[PDB]
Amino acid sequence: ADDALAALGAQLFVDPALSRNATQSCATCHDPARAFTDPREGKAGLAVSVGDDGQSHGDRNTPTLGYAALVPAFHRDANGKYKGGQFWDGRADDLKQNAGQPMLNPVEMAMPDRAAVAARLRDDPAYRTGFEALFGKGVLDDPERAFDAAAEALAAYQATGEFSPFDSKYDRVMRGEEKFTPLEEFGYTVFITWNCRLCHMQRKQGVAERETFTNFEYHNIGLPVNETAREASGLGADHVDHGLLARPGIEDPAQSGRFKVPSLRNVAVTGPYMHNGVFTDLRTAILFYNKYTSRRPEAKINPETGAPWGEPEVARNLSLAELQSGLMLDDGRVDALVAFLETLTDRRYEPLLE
């Protein structure tokens, strides 16, 4: 089942007939060639993706699908900290629940309802063969089963080795196959002795077996609005992205502005950065952390804009305990981190580095 189930998910992933005007598939916004992210440019750059209607833009940046399958389902641990889930705000429990929402999102694939999606699947005899072999006959005659099966197949497809190969240079180094460059090792050491490790490691202590450089927690690191992406989303300037608080069921006002800690795997090749896609460059996303540690004036400036970083979109709930480490990363270490984060790039996406 699960071998062929993924094959059906592979068919659907690249099928643009899951979108109203038949213009876009998962592969459109999650391009396999680009670490499963969107190469296309809308009104606000690559910060947000354009929907099926070629008009509607999202509010958030499209994340890699690579290594999302290792993120555990959304839950709250004994600490009181939330962990796991899908979407920058964790509003999806897991890959399965996540897969459906793009299909039905007017500002994305823009299928009006589940019934419309079923109709498209019956257009293909390939599906009626493949779907009915895995979920039995008549599956495509039922909107609810088909949509769900398609979501499940898409989920399964994303849980294959093709999405999480662990064939990055980091992976080969930890297996003893090759060594880090002095700068990469320096970056790793910095990465596991500075605040980076507090949020971007699977564990607090001990050895993780399949590290994806996220603890799956939710933090507000105090990012500002993305001026241009925000206009493009059409949600108004008065609108506030409350991150995790926007997940249904989450009412705790301490989670306002908190976003899922993203896996730093493939990070080098999935710009722009953060939930709102505000930072074009990776170096910029690293230097942003120094506004909490550096006494220096340049730390206040966003190097991309040349102007003050900007007031956080959400001022309260900052992870200051972690962020205010009393230690400023110098450029030397910022270099080191850029290098180490590059080692988390997959084999097939290594060529993209430059």
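Each residue number is its position in the shown sequence, starting from 1.
**Q** Would you mind comparing 263 to 271 and 127 to 135 for me and telling me which has the higher average C-alpha temperature factor in the entry?
**A** Taking the mean B-factor of the alpha carbons in each, 127 to 135 is higher.
**Q** Identify the stretch, either 62 to 70 or 39 to 47, whose C-alpha atoms have the larger mean B-factor according to the entry.
**A** On average, C-alpha B-factors are higher across 39 to 47.
**Q** Identify, among 192, 121, 199, 92, the residue whose C-alpha carries the highest B-factor in the deposited PDB entry.
**A** Comparing C-alpha B-factors across 192, 121, 199, 92, the top value belongs to 121.
**Q** Taking the chain's C-alpha temperature factors as the reference, tell me which third residue 235 falls into: lowest, middle or highest.
**A** Residue 235: CA B-factor falls in the highest third of its chain.
**Q** Using the B-factors in the PDB entry, rank residue 17's C-alpha atom against the chain and give the third, lowest, middle or highest.
**A** Within its chain, residue 17 is a highest-third residue by C-alpha B-factor, going by the deposited values.
**Q** Place residue 169 in the lowest, middle or highest third of its chain's C-alpha B-factors, as listed in the PDB entry.
**A** Its C-alpha B-factor, which the entry lists for residue 169, ranks in the middle third among residues of this chain.
**Q** What third of the chain does residue 142 rank in for C-alpha temperature factor, lowest, middle or highest?
**A** Answer is highest: the recorded C-alpha B-factor places it there.
**Q** So where's residue 319 on the chain's Cα temperature factor ranking, which third?
**A** Within its chain, residue 319 is a lowest-third residue by C-alpha B-factor, going by the deposited values.
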